[PDB]
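Remarks on the overall topology
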Amino acid sequence: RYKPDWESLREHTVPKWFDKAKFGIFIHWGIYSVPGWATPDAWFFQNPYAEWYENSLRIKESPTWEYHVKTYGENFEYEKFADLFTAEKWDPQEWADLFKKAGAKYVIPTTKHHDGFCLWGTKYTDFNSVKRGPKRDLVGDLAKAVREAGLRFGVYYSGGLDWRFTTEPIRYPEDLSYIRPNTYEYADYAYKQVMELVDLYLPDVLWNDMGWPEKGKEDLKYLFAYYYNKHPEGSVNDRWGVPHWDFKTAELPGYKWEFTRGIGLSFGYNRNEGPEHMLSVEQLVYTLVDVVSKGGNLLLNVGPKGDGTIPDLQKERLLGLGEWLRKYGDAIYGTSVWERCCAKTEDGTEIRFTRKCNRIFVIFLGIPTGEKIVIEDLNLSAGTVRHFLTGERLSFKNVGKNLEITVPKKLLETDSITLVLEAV
Amino acid sequence: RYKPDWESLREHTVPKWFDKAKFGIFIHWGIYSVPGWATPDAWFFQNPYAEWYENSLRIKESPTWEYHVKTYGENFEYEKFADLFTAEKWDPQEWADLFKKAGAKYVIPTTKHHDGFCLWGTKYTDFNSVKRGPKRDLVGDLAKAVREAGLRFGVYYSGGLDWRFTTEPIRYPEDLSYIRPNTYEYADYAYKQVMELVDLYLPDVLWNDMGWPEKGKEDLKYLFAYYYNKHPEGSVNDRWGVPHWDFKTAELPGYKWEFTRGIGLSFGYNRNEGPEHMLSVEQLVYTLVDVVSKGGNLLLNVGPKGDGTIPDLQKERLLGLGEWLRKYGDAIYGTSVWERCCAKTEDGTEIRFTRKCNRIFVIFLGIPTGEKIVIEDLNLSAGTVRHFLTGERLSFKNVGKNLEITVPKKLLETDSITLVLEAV
Amino acid sequence: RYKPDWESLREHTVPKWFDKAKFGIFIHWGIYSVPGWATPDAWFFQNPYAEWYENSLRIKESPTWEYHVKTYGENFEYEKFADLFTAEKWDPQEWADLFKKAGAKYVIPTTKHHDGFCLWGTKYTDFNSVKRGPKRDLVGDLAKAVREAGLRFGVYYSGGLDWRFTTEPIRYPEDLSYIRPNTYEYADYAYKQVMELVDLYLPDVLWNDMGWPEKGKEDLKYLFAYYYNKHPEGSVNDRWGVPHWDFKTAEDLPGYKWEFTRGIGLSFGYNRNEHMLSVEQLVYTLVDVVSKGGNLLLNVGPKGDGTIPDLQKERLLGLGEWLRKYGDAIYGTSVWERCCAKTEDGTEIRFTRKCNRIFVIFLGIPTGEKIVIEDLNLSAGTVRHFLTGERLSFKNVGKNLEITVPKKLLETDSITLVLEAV
Amino acid sequence: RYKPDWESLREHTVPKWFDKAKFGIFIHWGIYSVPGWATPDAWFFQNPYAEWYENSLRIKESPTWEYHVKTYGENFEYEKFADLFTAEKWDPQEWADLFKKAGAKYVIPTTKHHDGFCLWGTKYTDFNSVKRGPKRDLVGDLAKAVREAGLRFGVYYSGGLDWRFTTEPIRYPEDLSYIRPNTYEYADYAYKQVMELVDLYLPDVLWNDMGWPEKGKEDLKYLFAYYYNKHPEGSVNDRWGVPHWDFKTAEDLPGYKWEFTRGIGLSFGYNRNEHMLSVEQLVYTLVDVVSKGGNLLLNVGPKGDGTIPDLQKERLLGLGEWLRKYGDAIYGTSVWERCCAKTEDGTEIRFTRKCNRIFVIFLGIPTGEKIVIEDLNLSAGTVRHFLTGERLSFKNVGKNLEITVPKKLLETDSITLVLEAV
Ligand SMILES: C[C@@H]1O[C@H](O)[C@@H](O)[C@H](O)[C@@H]1O
Ligand SMILES: C[C@@H]1O[C@H](O)[C@@H](O)[C@H](O)[C@@H]1O
Ligand SMILES: C[C@@H]1O[C@H](O)[C@@H](O)[C@H](O)[C@@H]1O
Ligand SMILES: C[C@@H]1O[C@H](O)[C@@H](O)[C@H](O)[C@@H]1O
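Its PDB header names X-ray crystallography as the technique used to obtain the model and reports a resolution of 2.80 Å.

What follows concerns the site of ligand 4. All names here are of chain D. Residues in close proximity to ligand 4 include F26, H28, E51, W52, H113, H114, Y156, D209, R239, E251 and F268, which together make up its full environment. For ligand 4, an oxygen atom lies 2.3 Å from a polar atom in the side chain of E51. Between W52 and ligand 4, the recorded distance is 3.1 Å, taken from a side-chain N or O atom to an oxygen atom. Starting from 300 Å² of accessible surface for ligand 4 in isolation, the protein chains cover 95%. The residue makeup of the shell around ligand 4, split by class, is four nonpolar, three polar and four charged.

Residues and elements named next belong to chain C. Considered for burial, the residues of helix α6 (residues 92–101) that qualify are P92, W95, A96, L98 and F99. All buried residues of α6 project into a common sector of 160° when viewed along the axis, lining one side. Where α6 is buried, its residues touch β1 (23–27), β2 (106–112), α7 (138–148) and α11 (310–326). Positive backbone phi, at 100°, marks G103, one or two positions downstream of α6.

Residues and elements named next belong to chain D. Strand order across the open sheet formed by three strands is β12-β15-β14, with antiparallel pairing between neighbours. Each having just a single partner strand, β12 (370–373) and β14 (393–397) make up the two edges of the open sheet. The sheet shows a mean angle of 20° between the axes of neighbouring strands, taken without regard to direction. Judged from the five bridges that link them, β14 and strand β15 (residues 400–404) form a sheet pairing that is antiparallel. Within the sheet, the bridge partner assigned to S393 lies in β15 and is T404.

Residue and element names in this part refer to chain C. Within the structure, ligand 3 sits among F26, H28, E51, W52, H113, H114, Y156, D209, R239, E251 and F268. One nitrogen or oxygen atom from the side chain of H28 is found 2.5 Å from an oxygen atom belonging to ligand 3. In the model, an oxygen atom of ligand 3 is placed 2.9 Å from a nitrogen or oxygen of the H114 side chain. A total of 300 Å² of accessible area belongs to ligand 3 in isolation, and the protein chains cover 95% of it. Here the shell around ligand 3 is composed, by residue class, of four nonpolar, three polar and four charged.

With that settled, consider the interface of chain D and chain A. Counting residues at the interface gives 17 residues for chain D, matched by 18 residues for chain A. Carbon and sulfur atoms make up 49% of the surface buried where chain D meets chain A, a total of about 1,800 Å² over both sides. In this assembly, chain D and chain A are joined by two salt bridges. As a salt-bridge pair, D:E11 and A:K248 come within 3.4 Å of each other at their nearest N and O atoms.

Let us now look at the interface of chain D and chain C. Each partner contributes residues to the interface: chain D has 14 residues there, and chain C has 17 residues. Of the roughly 1,300 Å² buried where chain D meets chain C, counting both sides, 50% is carbon and sulfur surface. It is D:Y178, D:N182 and D:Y184 in chain D that bury the most area against chain C; as a group they hold 45% of the surface buried on that side. Where chain D packs against chain C, one counts four salt bridges. Between C:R1 and D:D175 there is a salt bridge, and its shortest N-O distance comes to 3.1 Å.

Before going further, it helps to spend a moment on the state of the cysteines. For the structure shown, the criterion picks out four disulfides over all chains. Disulfide pairing is shown between B:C341 and B:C342; the S-S distance is 2.0 Å. Linking B:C341 and B:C342, the disulfide has an S-S dihedral of approximately 90° and is accordingly described as right-handed. Assessed through its relative accessible area of 12%, B:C341 is described here as buried. Each sulfur of the disulfide joining D:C339 and D:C340 lies 2.1 Å from the other. Because the torsion about its S-S bond is -95°, the bridge between D:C339 and D:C340 counts as left-handed. Note on D:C340: relative accessible area 24%, which makes it partly exposed. C:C355 takes part in no disulfide bond, and the closest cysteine sulfur, belonging to B:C357, lies 4.4 Å away.

All names here are of chain A. A surface patch of like charges, here negative, comprises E346, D347, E376 and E404. Relative to the assigned elements, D347 resides in the loop between β9 (336–344) and β10 (350–356). Exposure remark for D347: the relative accessible area of 68% places this residue in the exposed category.

This brings us to the domain arrangement of chain A. Residue and element names in this part refer to chain A. Assigned domains within chain A: domain 1 (1–333) and domain 2 (334–424). The gap between the C-alpha centroids of domain 1 and domain 2 is 37 Å. Taken together, the contact between domain 1 and domain 2 spans 20 residues of the former and 24 residues of the latter. Both faces considered, domain 1 and domain 2 share a buried interface measuring about 1,900 Å² in area, 64% of it formed by carbon and sulfur atoms. Scanning the region where domain 1 abuts domain 2 turns up three salt bridges. Linking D330 and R359 is a salt bridge whose minimum nitrogen-to-oxygen distance equals 3.7 Å. The tally of links between domain 1 and domain 2 comes to 15 residue pairs in polar contact. Elements represented by at least two residues in the side of domain 1 that touches domain 2 include exactly α10 (281–292) and α11 (312–328). Take the side of domain 1 that touches domain 2: its biggest share by element is seven residues, from α10. Its residues assigned to classes, the side of domain 1 that touches domain 2 shows 11 nonpolar, two polar and seven charged.

Cut-offs used in this document
- Residues numbered from 1 in each chain as written, not as in the entry; some residues may be left out.
- Chains lettered and ligands numbered in written order.
- Part of a larger assembly, values for the part shown.
- Heavy atoms only, no water.
- Near = heavy atom within 4 Å.
- Polar contact = N/O pair within 3.5 Å; in protein donor to acceptor, adjacent residues only side chain to side chain.
- Areas by Shrake-Rupley, 256 points an atom, 1.4 Å probe, with all protein chains shown as cover.
- Nonpolar A, V, L, I, M, F, W, Y, C, P; charged D, E, K, R; others polar.
- Buried < 20%, exposed > 50% of the residue type's maximum accessible area, 1.4 Å probe, protein only.
- Helix = DSSP H or I, 4+ residues; strand = E, 2+ residues; numbered from the N terminus.
- Arc of directions from axis to C-beta.
- Contact = heavy atoms within 4.5 Å.
- Pairing = 2+ DSSP bridges.
- Axes fitted to C-alpha atoms, helices over the stretch in contact; angles between N-to-C directions.
- Buried area = accessible area lost by both parts, 1.4 Å probe.
- Salt bridge = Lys/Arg side-chain N within 4 Å of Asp/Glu carboxyl O.
- Disulfide = S-S within 2.5 Å.
- Patch = residues over 30% accessible without salt bridge, like charges linked within 9 Å, V, L, I, M, F, W, Y side chains within 5 Å.
- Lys, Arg positive; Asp, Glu negative; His and termini not counted.
- Charge placed at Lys NZ, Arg CZ, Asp CG, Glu CD.
- Domains from an automatic or database assignment.

Printed below as a string of structure tokens:
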């Protein structure tokens, strides 16, 4: 049993499933998906993030304001998008199947982003998906489908920012130091809402954002102890601004962390986003391997449309990643870091290392065109280095500081995207 | 005038009436009286307290859950008892007469227990006796009747626990450290509700329970100063978790205290309670004398049914106590502690001492069967020891460390339950 | 057992001995007794308190500065008085006997006043009576003598003010809000010194003054718990500025215990330029205070050589001669239903209770046999003349209570007519 | 780089060496080793811990007081033992070699226990081993010797208790809530002393005790950041009473790292009146603790002259002889899917993992060849006898796992039967 104080909650280390998961799906989906628009220290004036539509719209000068006033009209309040957000062609089982085939082991939707619209039937505001728009508990139905597909389910919550409680926009990063809800009322509201998510859906991950209101930071001792006592395999990110977290986030470490990025640049759906603002399947795999070899997990974001469909370009990149993970999944899932993160060849091709007990997977970022491969600054523990995908044994010798190794061309042609070897 | 700070509020000592009162009636009565059921470190799983019905019901495993799901059905929410709680045959004048005849000098009902149902027309929740169930201000009508009978009126309030603000039950004592309302919203709610009781009924006693929310502990400086300034003869118990109290509670001291217990084991009405889970009239009198000789008051609880009647077994024990207090009341009411609490005879019979200026009442817990009574470790201040109930003088001498004294058998037969003497 | 937190320490009510004590002796005695001088909006510029000599001296051109610069010289540092404080003719048994004969039940000397000179062998400063001046543990020798005489022994300590830690004087009351030691170093120093008094002498009273340093206020839950656990009959005044105290102080009827403090004269420390109360006014004060639930802490300001001025000795013995006669109507009494009353004539009256007995103490001796007391009805008891025990006839008349006490008995009483109803 | 705030310091997880270390030596050694005496609701009145000699001595009439007043005399102050603590026959290389042969990977001496005597040349008190007694920097010479033997070196420090700053003893556990130094002066003193240990010896472990003074708890975000930035492989226990620690202590399977501490005997400091564990019980403790994710910190209580009692030396060497054989199944291991298991016979079993290898350590040596382990199914690997490496036949049978190990191999093992599946 966890007690409600920081010393006691430190006893909760990161759960084993999360360290082994390696890959998860972020989902940025709200009423901001309806307009789904964004421009292709002037960051907030030309916000490339479609989720920040309302903030950009509150800046009268901006291109989001130009677009909005021409597409929808000057007197079209942002709140009106809630009724346009009908998710009429949303099938959560189809999402869960997509994410499972993509190779993800956990899924995290935005229960409530900065605009403050909640994607569940919360009883603390009427600005949610049950009373407005979809007339449907989006979080709960996604949680059911995700878990029926055999995946873990987390929740993103914008604890630090809620624009239902402000009127002024963020124009500069320094504005965030005072343009917050700021009231005791909000501190209670955020506490009750995350407590409600825990009670209703018992998430495997509590992914807070933008810090936690200062007035309720000491509430989290009670929230975290409550959560862990109901769900010891539950986890908590590092965006609460308090002494406790299970893993860190980012946009060889001894702690666990998680790199988050979108398939594109924007997190929410953006129409203005060209097909060359997005990563290729190759770049997604390279990111996954790089991150995972450094002890991290990848949280890859998906920005679905307001009608509940995932853009074909995004579906494509997910399935292509999962086709790669279906072949090379044994060298990623359930792996630890090796003695070192990275390495390169004499040629130039970068290399990453993942361990799985006595095995050491050697993952080349790319497929070398030559049979004779020379890896710099490595002298392997004289064992048995073998081709991974076919299993076939391979000859190799040590040379001063580098490591020479021949791999026939007949085997290179089998590998897709990355050549991977495996020592013992 | 009291200032709102702890140093200043210390000037308020316990009121004279309360120290002299000696005996009071607790009343545990709510919507939990309707089901009125309880099982005959596993305490919370088999709670013998019927007031904790809802907590026990939230534990799916428990016998309260078995009973509830069979008597009322799985989908019978606990809140539904509010509408079953009609107090149709409740007459408060009949209660006040009962408590007055029982010998009580003050009466304290549960305005709001842990379940959060209020027995008055509070304007801070619709979960009360005016909007639901009785359609009647139960606290106010009891206050009128109690005061018309010439008794003081206090209020119990569950400041520390309110299950209207939680969903999870208490399974272990350590759960109480974090399964509390916890919000600023609740701290205000509790403050406004006790302030409302003060404004509406001006209670002679403020009997808080389960501590006060940490977020509003400093509010009580303002509450206590406000209260004492309107009502200097008002009093305050020791369950707020702050530096100030007028008397302590429990379940020779220099401070004033108050032992609270039920006629039975449960505080709320329990049907499952046999007639041999309750104290006899003899044991109630023995408790009263023991407590009062140690500087304390007795707060004897009554658990009425949901229809507003007090079980005949409880009525019986109260009237029998009051018949005893009608005879021996002069040795209890308005007494102080003597040089020592207790004493025993050579035979074995225990003895308690109460003072009233130059008088010293000697109350035997039981009626010795022999005329020759030898009291251990006592040498009285050579005065005049007399039989109390008849007044008749009695012979006595000192003997080493003990004190011999003859009391004719004709006088023993007059005394009911306790022989009592009286020195000068 | 007492825990170190305010909620737990509230369980310590005022000890029974202190409530019954009624009368105690304050002693303001230090190196300020050596010059022992004070002048006969601008209170601090013309301080009538001789203990504040150093503060007044730091105010250049003030009358204490004029006197000092002429009697001792401009370059005569105040600290130099420590070596002049010899306590030549000091006899603690003589003091303890004087206070016992005066009728006092407890005695409280200044272990350290605002100037910061300590009257004991403290190991936290060398500015004390053992290393300087008397070469003698003044507090400890007085404690031994006072307890041998059968009296309780308390300690005054200036926790809030210490002029060893400041250089600027107090010219106005608002100056006290910032001209304090202010350092963590001082907060520890004060804690360690009161801890040391407790360890060395285990005082029955801890009489702090001028509040406690803000930084050390949380230290006192520990100090008080430590103190009460070693000495449950110990007590603590109300000048720490924290939620806990046993009795209040002061310079219808309260439910708490309090203590009026005042000197025989106006000054607390010895003053030559000294305005003194008569024996009659001291008795009247005692009775007034005691009938209102309070104790009287009467101050004595001895000279630097260790003798108590004859005028002060005289007032104390005269008070004790009165207390020897009428002590049963004061010591061990509680308050009655009301404190005060007057006669049709004008003479004020005070009431003390002692169980079923209720003493009626006249502030003065009425010159007439027929006495009419206003707004008082006594439930037909037996009103006795107190000192002789003789019975007196009384009747109830409307609001008032007519009583007839013979001339023989009025001339018997000294200072106060005292009756005794039941 | 680590910033001085709790959120940043959480990034420091327990160092890999400490998780792999498994076994370490505690050393309770001070001036309390000189008398080295302790008696065979009232724990503090009959303290079995010889390190608490002074506390027990402050309790007048207690058995430590009887012994002390007869062996040394009533006017023999406890502080006088500092001059008796000569460490005559002390040889740090002899100690370091003993601990290395015992199989320990790290060593932690008491730099300062509750009595406040420091075993190094601190410049914040003259009550230490350089100015008194040994005339020698005991901590530094042990640190040099321990690191020369190839072992890690930590430091115990009594941050929460220091009896140089109190006079009253601890009679009950509730006394610890207020009988502490309590001053800002102490909070600085503790900070400066641990800062000084870090600067002088850069310990691999900072083993604080009895919490950290309330006034100095915020100082520790700075001390910890300073420490980790100079020494990232450094570690910190859980007895500071702040949000941060690297491992917990103690006197299904945890996710955090912890450390069981206990003496060879009952007392931590040397006791004559001493109740000791056998070699078998020490090995059983080590295996039990290690299979549950913990380390064992085994205490040694040397005499005042600098020698370790032969009985203690004996137990340590016997443990190291066992660890020399079975060290591969302990050092560098993680926890398995579950900690514990038993046979149909009754013999307890513990599991340690080392990648794909899973060691099966029997607490005792089964007398029969046919061994049936309850509730255990092993995925058909290759179960080897550990010490000889020979292969063993096994079958899965319902819930259990039948295995046949020849008598030849059971008689080979010492204390524990050890197998090795894959
Ligand atoms: C994952 C990203 O985190 C950031 O803090 C947010 O501002 C973005 O909108 C997005 O949710
Ligand atoms: C008098 C008793 O006090 C306790 O704290 C409560 O838990 C019981 O329900 C009851 O009200
Ligand atoms: C009793 C008086 O208390 C005051 O606070 C002090 O300033 C006086 O010097 C005197 O000691
Ligand atoms: C390891 C033990 O820790 C406890 O806190 C101490 O009181 C003992 O003396 C010993 O050092």
